[PDB]
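If you read the sequence from its start, that first residue is 1, and numbering goes on from there.
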Amino acid sequence: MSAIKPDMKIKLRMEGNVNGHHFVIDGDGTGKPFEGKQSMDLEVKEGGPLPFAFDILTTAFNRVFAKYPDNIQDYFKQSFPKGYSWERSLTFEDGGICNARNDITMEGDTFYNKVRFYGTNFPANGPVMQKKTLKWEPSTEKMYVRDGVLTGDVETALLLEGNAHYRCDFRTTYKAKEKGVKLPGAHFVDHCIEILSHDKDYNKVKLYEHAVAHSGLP
């Protein structure tokens with residue numbers, strides 16, 4: 001039936017640079033692709049303690065972990081075993097900009113993730129470089145096709161200390177490695193990403209995400 005098992009492993013390395021600060025971060029986790037649920041342990045291996053809010057990274061740490069109903073084409077599960085890639089722009093309300101990419105493959109029971117994350121133009125006094133973020137709010141990703149490429153848009157925000165939000169707009173493009181994987185119709189994916197636990201300087205983080213695809217109806 002499926003290259004994708006009900007329980008899968010996740011292995012990840014991210015390398016990147018934010019405002020000139022270099023880092024390498026590993027991840028090891030598990031998830032339930034058909035339930036839309038994943039968790040992982042992250043550990044900063046180089047560049048810790050990170051001089052910027054860990055939260056900006058967390059959506060870069062795989063839409064295979066989204067619960068798809070039968071009446072929406074599941075591009076991500078159909079991309080396996082060969083896998084798929086994504087590229088994402090993040091634009092923050094104070095001029096901070098990030099570009100991230102993940103190349104996702106599958107070896108047996110495990111998704112492998114080659115993640116890159118680059119950010120620049122964050123103000124030194126802003127909540128990212130001052131580490132004032134608390135969490136991402138739950139969000140809805142709008143999926144559609146633009147110029148033949150599956151595209152997801154998110155308009156979201158980070159909650160900050162002090163009853164304030166910090167707006168970010170995401171655009172992600174998604175591409176199957178196999179030629180011929182059919183594009184889906186437009187739809188939504190509801191997301192909620194959470195840091196479940198952390199150590200003092202976020203050198204160790206446990207991250208969870210729940211995602212469900214839907215058409216806007218009950």
Mind listing the closest non-hydrogen atom pair of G152 and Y174 along with its distance?
N-CE1, 4.0 Å

Quick check on the hydrophobic clustering: are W86 and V145 connected, directly or via other members, by side-chain heavy-atom contacts under 4.5 Å?
yes

I need the minimum non-hydrogen distance between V189 and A66, along with the two atoms involved.
CG1-CB, 4.3 Å

Interatomic distance, CD1@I25 vs CG@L50, rounded to 0.5 Å, equals 5.0 Å

Which pair of heavy atoms, one from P138 and one from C192, lies closest together, and at what distance?
CG-SG, 4.2 Å

Please determine whether residues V181 and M106 belong to a single hydrophobic cluster, defined as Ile, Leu, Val, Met, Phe, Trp and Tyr linked transitively by side-chain heavy-atom distances below 4.5 Å.
yes

How long is the straight-line distance from CG of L158 back to CG of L134, given to the nearest 0.5 Å?
9.0 Å

Under a 4.0 Å N-O cut-off, is there an ion pair linking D55 with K135?
no

Grouping I, L, V, M, F, W and Y whenever their side-chain heavy atoms are under 4.5 Å apart, do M143 and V212 come out in a common cluster?
no

Between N102 and the options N113, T172, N62, the side-chain hydrogen bond (donor to acceptor under 3.5 Å, both in side chains) test singles out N113

Pair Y84 and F76, ring centroids less than 6.0 Å apart
yes

Between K67, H214, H210, which is the residue that forms a side-chain hydrogen bond (donor to acceptor under 3.5 Å, both in side chains) with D190?
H214

Nearest heavy-atom neighbours spanning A176 and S79:
CB-OG, 3.4 Å

Measure centre to centre between the rings of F170 and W136, then say whether the value is under 6.0 Å.
yes

Run the salt-bridge test on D169 and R167 with the 4.0 Å N-O cut-off and return the result as yes or no.
yes

For the CZ atom of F188 and the CD1 atom of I72, what is their distance to the nearest 0.5 Å?
9.5 Å

Could you grab the distance from atom CG of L90 to atom OH of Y118, nearest 0.5 Å is fine?
14.5 Å

Heavy atoms only: give me the nearest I193-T58 pair and the separation to one decimal.
CD1-O, 3.3 Å

salt_bridge(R116, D103) N-O dist < 4.0 Å:
no

Identify whether NZ of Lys or CZ of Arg in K131 sits under 6.0 Å from the centre of the six-membered ring of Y202 and within 45° of that ring's axis.
no

Please confirm whether the ring centroid of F122 lies under 6.0 Å from the ring centroid of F52.
no

Has the side chain of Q130 got a donor or acceptor atom that lies under 3.5 Å from a matching backbone atom of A124?
yes

Step-by-step side chain to side chain donor-acceptor pair (under 3.5 Å) determination, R146 to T151
CA-CA 6 Å; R146 182 177 198 126; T151 304; 5.9 Å; no

Can any side-chain N or O of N121 pair as donor or acceptor with the backbone N or O of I97 at less than 3.5 Å?
no

Could you go through residues 9-16 and list every donor-acceptor pair under 3.5 Å that involves a side-chain atom there, pairing it with any protein atom two or more places apart or in another chain?
{"from": "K11", "atom 1": "NZ", "to": "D28", "atom 2": "OD1", "distance (Å)": "2.7"}
{"from": "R13", "atom 1": "NE", "to": "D26", "atom 2": "OD1", "distance (Å)": "2.6"}
{"from": "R13", "atom 1": "NH2", "to": "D26", "atom 2": "OD1", "distance (Å)": "3.2"}
{"from": "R13", "atom 1": "NH2", "to": "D26", "atom 2": "OD2", "distance (Å)": "2.8"}

Do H165 and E93 have side chains that approach each other closer than 4.5 Å (heavy atoms only, starting at C-beta)?
no

Between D109 and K5, is the closest basic N to carboxylate O distance under 4.0 Å?
no

Students often mix this up, so state it plainly: with edges at 30° and 60°, are the rings of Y68 and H187 parallel, tilted or perpendicular?
perpendicular

Is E87 salt-bridged to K175, cutoff N-O under 4.0 Å?
no

Hydrophobic clusters here meaning ILVMFWY residues chained together by side-chain heavy-atom distances under 4.5 Å, can you tell me if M40 and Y112 are in one?
no

From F65 CZ over to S39 OG, what is the distance, rounded to the nearest 0.5 angstrom?
9.5 Å

Which heavy atom of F34 sits nearest to which heavy atom of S2, and what is that distance?
CZ-OG, 3.9 Å

Indicate yes or no: at least one non-hydrogen side-chain atom of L159 is less than 4.5 angstrom from one of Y166.
no

Pairwise distance OG1(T156) to CD(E141) - rounded to 0.5 angstrom
11.0 Å

Is the number of heavy atoms from other residues, nucleotides or ligands under 6.0 Å of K77 NZ greater than 12?
yes

Kindly assign one of parallel, tilted or perpendicular to the pair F117 and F23, based on the angle between their ring planes and the thresholds 30° and 60°.
tilted

Out of curiosity, does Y208 fall in the hydrophobic cluster containing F111 (side-chain heavy atoms, cut-off under 4.5 Å, transitive links)?
no

